[PDB]
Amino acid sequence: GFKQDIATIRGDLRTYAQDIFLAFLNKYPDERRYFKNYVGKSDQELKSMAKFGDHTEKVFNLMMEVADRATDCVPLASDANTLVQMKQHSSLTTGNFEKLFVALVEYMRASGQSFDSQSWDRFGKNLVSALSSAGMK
């Protein structure tokens, strides 16, 4: 289930992080406007940019911690508050997060691994509600 999925992702995190974030950017190409120098590039081109791998891994490092600190897929209020207050997130709204989780869930349902995709959908929804509660537009 959800807890084991965290361990699964953490066991091969860079690969899962890149593949999920790529799924997100390919599903929602206009989301590249938040990220400098990602436009006009194929997956393989992105994966060879030093910053892409480093940054995507850090995002998923933190996502796994938030998920791991959750109870029944409900994140901590302080984790939501940190995500809202991060300067790197100043121009984001809940819809950015919703779209990332739609892509994440769709990646999980399509993959060879027995992810508990329904729990990640719940977690995504609960995170969006928490971000809203913490003051994200």
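One-based numbering along the sequence shown. For clarity, a rigid core is taken as the largest C-alpha set superposing within 1.5 Å between two forms.
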query: More shifted region, core-based fit in 7 other deposited structures of this protein, 45 to 53 vs 96 to 104 by CA; finding: 45 to 53
query: 12 to 20 versus 110 to 118 - greater average Cα B-factor per the deposited record; finding: 110 to 118
query: Mean C-alpha B-factor comparison - 86 to 94 and 68 to 76, higher one; finding: 86 to 94
query: Position of residue 63 among the chain's modelled residues by C-alpha B-factor, lowest, middle or highest third; finding: lowest
query: Assigned third (lowest, middle, highest) for the C-alpha B factor of residue 46; finding: middle
query: Chain-relative CA temperature factor third for residue 81; finding: middle
query: Chain-wide C-alpha B factor ranking for residue 6, given as lowest, middle or highest third; finding: lowest
